[PDB]
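Input: a single structure, listed below in structure tokens.
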Amino acid sequence: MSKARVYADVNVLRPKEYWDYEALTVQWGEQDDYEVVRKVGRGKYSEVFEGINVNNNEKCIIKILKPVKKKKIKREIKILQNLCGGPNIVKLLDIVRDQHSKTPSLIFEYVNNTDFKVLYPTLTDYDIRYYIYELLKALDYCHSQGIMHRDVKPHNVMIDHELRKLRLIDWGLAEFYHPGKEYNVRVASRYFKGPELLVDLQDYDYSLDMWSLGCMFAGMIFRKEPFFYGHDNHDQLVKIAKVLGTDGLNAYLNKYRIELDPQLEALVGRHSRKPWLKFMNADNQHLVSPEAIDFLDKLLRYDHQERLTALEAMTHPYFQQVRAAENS
Ligand SMILES: N#Cc1cnn2c(NCCc3cnc[nH]3)nc(Nc3ccccc3)nc12
């Protein structure tokens with residue numbers, strides 16, 4: 001029986017309407033208020049375009065969704081409305097649908113993002129600390145509001161490097177946290193899936209996002225994208241095991257009375273824990289200081305209950321300069 005160590009009763013104390021997303025009644029806006037300027041991306045759930053609000057002539061992002069269940073879309077809408085306004089949380093501006101096809105589109109604030117594949121390689125040591133701190137603000141905020149993002153990864157972190165503005169987007173996999181609830185483990189992107197998802201521990205919590213953040217962080221300071229490069233869910237756990245070691249995995253499994261599938265246990269085998277510094281090289285040396293390793297280490301723990309909370313992470317000395325700078 002696992003439960004969050006913080007913000008566990010957020011949804012218990014709030015009005016039921018706050019988390020009963022299925023009770024939501026979507027208020028559709030005017031589809032003609034937004035015009036497509038150009039396609040900028042795509043996903044398995046939608047096609048994304050840069051658009052313009054014809055009223056104020058301001059830029060926006062139009063997410064045209066592929067067929068989606070009513071329950072599914074209400075969850076994303078409710079979460080966005082509940083979090084709108086919070087620190088670095090992308091803003092949902094409008095919700096519209098095509099009368100004939102019934103195809104819905106979500107209108108979001110526009111961020112002049114730079115592809116992380118091109119951006120990250122140019123980030124200085126300080127930039128990394130700064131942006132990670134900014135992302136942390138978003139995570140502590142949503143967690144404090146009883147919400148798990150469940151899909152933290154570079155693709156879901158828009159960054160306007162010129163303005164140094166960051167936004168956590170794509171809350172389509174986000175869910176409300178309720179003590180004891182068993183969630184679907186089929187969330188997050190493979191390279192950022194926490195051990196709990198990989199071993200089928202369903203009663204996970206906000207801490208899942210902290211593992212994902214840890215993966216992202218490791219990728220940045222060690223300049224290895226992604227850090228844990230697994231081919232499938234089974235291989236993903238193996239890649240993790242080969243770094244953190246199997247002893248820790250075994251202890252984790254025994255603590256939560258979890259039994260790996262025979263095939264998986266075979267693939268994982270036995271591995272010694274590899275020190276973080278073994279991943280240091282001339283390409284990343286200017287980024288792998290003791291404070292960074294200490295911070296990463298406290299994020300990447302098998303036991304989700306062991307990981308730093310977003311609030312704790314923000315106070316880690318690794319971010320002391322960012323904090324001092326902010327307190328000015
Ligand atoms: N919300 C939000 C959100 C806010 N900005 N934003 C941007 N801004 C950059 C637009 C751009 C202009 N030239 C290249 N890209 N892109 C995507 N893209 C996206 C793509 C696939 C899946 C999800 C998001 N999503 C978003």
Side-chain angles (χ1 to χ4, degrees), residues 18 21 24 26-43 45-66 68 72-98 103-116 118-120 127 130-145 147-175 209 212-213 216 310 326:
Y18 177 78
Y21 63 81
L24 167 64
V26 180
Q27 306 301 301
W28 308 97
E30 283 284 52
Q31 193 183 187
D32 294 329
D33 284 319
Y34 311 101
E35 274 173 31
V36 169
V37 174
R38 177 180 179 176
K39 182 170 180 175
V40 293
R42 49 62 190 168
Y45 302 112
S46 67
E47 294 188 70
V48 187
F49 310 75
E50 182 180 312
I52 179 178
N53 181 312
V54 296
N55 291 295
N56 55 41
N57 295 290
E58 283 180 47
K59 307 173 70 172
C60 62
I61 283 291
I62 305 177
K63 217 145 181 287
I64 301 181
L65 313 181
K66 300 178 180 182
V68 53
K72 215 287 179 181
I73 185 177
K74 287 190 177 185
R75 191 179 72 181
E76 188 179 335
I77 295 173
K78 189 61 180 177
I79 286 180
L80 289 169
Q81 301 182 322
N82 287 343
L83 302 178
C84 199
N88 301 327
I89 303 293
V90 72
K91 277 184 169 49
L92 171 65
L93 306 179
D94 221 329
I95 312 168
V96 300
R97 49 148 47 164
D98 174 58
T103 306
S105 289
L106 302 179
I107 316 303
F108 295 97
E109 77 176 89
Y110 179 88
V111 181
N112 186 36
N113 178 67
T114 292
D115 172 21
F116 77 96
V118 176
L119 178 64
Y120 289 13
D127 291 327
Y130 172 75
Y131 284 124
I132 293 294
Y133 189 71
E134 289 297 298
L135 176 55
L136 279 171
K137 293 180 179 177
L139 292 174
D140 176 61
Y141 181 67
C142 67
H143 295 167
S144 73
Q145 302 306 297
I147 294 166
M148 300 179 267
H149 187 278
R150 304 201 305 183
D151 194 21
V152 170
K153 65 182 173 175
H155 281 118
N156 288 337
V157 176
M158 295 294 94
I159 295 179
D160 178 326
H161 192 42
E162 167 65 298
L163 301 185
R164 299 181 75 73
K165 171 164 54 69
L166 175 153
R167 294 290 186 275
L168 178 52
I169 69 171
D170 280 12
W171 298 76
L173 291 184
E175 181 56 281
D209 294 332
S212 299
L213 178 69
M216 199 171 130
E326 190 172 297

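Residue numbers count from 1 along this sequence. FYI, side chains are in, hydrogens and waters are out, and symmetry mates aren't considered; it's all heavy atoms of this structure.
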To the nearest 0.5 Å, how far apart are [atom1] in [X] and [atom2] in [Y]?
X	Y	atom1	atom2	result
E134	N88	CD	CG	4.5 Å
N53	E109	CG	CD	13.5 Å
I169	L106	CD1	CG	11.5 Å

May I ask you to test the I159-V111 pair for a side-chain heavy-atom distance under 4.5 Å?
->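 SC-SC contact between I159 and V111 ruled out.
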Test item: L93 and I61 side chains (from C-beta on) under 4.5 Å apart, heavy atoms = no
Please check if atom CZ in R164 has more than 12 non-hydrogen atoms from other residues, nucleotides or ligands closer than 6.0 Å.
-> yes
Under the 3.5 angstrom rule, does the side chain of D160 hit a backbone N or O of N113 as a donor-acceptor pair?
->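 No, because the side chain of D160 does not come within donor-acceptor range (under 3.5 Å) of the backbone of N113.
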Are any side-chain N or O atoms of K72 and backbone N or O atoms of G172, one a donor and one an acceptor, separated by less than 3.5 Å?
->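 Checked: pair present.
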What is the minimum heavy-atom distance between [X] and [Y], and which atoms define it?
X	Y	value
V54	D32	CG2-O, 3.4 Å
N82	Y18	ND2-O, 2.9 Å
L136	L213	CD2-CD2, 3.3 Å
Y34	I62	CB-CD1, 4.1 Å
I64	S46	O-CB, 3.1 Å

Quick one: side-chain hydrogen bond (donor to acceptor under 3.5 Å, both in side chains) partners of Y131, sequence neighbours excluded?
-> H161
Residues in side-chain hydrogen bond (donor to acceptor under 3.5 Å, both in side chains) with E47, at least two apart?
-> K39
Sole residue of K63, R38, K59 in salt bridge (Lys or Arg N to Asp or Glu O under 4.0 Å) with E50 |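 Going through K63, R38, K59 one by one, the salt bridge (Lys or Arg N to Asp or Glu O under 4.0 Å) with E50 is satisfied by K59 alone.
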